[PDB]
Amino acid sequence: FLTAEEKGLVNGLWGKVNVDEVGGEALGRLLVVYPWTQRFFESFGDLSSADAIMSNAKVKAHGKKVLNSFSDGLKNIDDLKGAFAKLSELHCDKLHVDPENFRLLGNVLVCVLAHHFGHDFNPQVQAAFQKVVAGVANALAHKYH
């Protein structure tokens, strides 16, 4: 699916990501920008404001598990379906998440990557990360039924 040019762009920038910071930021931003998604995360406590979401220990720790799963996907990039198969079943059966939302979150992550990397996140670096986030979302949607 991805060319070695595309992977080198993606993995190269991914190597520079702050693993403790980025996923939490991507998740906090989903919750802030798209406030209907909060209802999925109500055991997480105070989500009453941007500042309250962005400093939530549980959003930060959940964002980190979300980020690690993207890293595993990069680690399994030729087989995203299989990498996300157990997570797909989970999001469907247990979580009742519309897979249309998987694209929302990937695009927030692309926005956080753009935020952290500025000029280095050129249109060609984005496009490759767009291929990743679309593949990720397809694979999470795949075991739905």
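All residue numbers are counted from 1 along the displayed sequence.
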| item | value |
| --- | --- |
| Stretch with the greater mean C-alpha B-factor as recorded in the entry, comparing 23-31 against 106-114 | 23-31 |
| 57-65 or 36-44, whichever carries the higher mean Cα B-factor | 36-44 |
| Lowest, middle or highest third - CA B-factor, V17 | highest |
| For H96, the third of its chain into which the C-alpha B factor falls | middle |
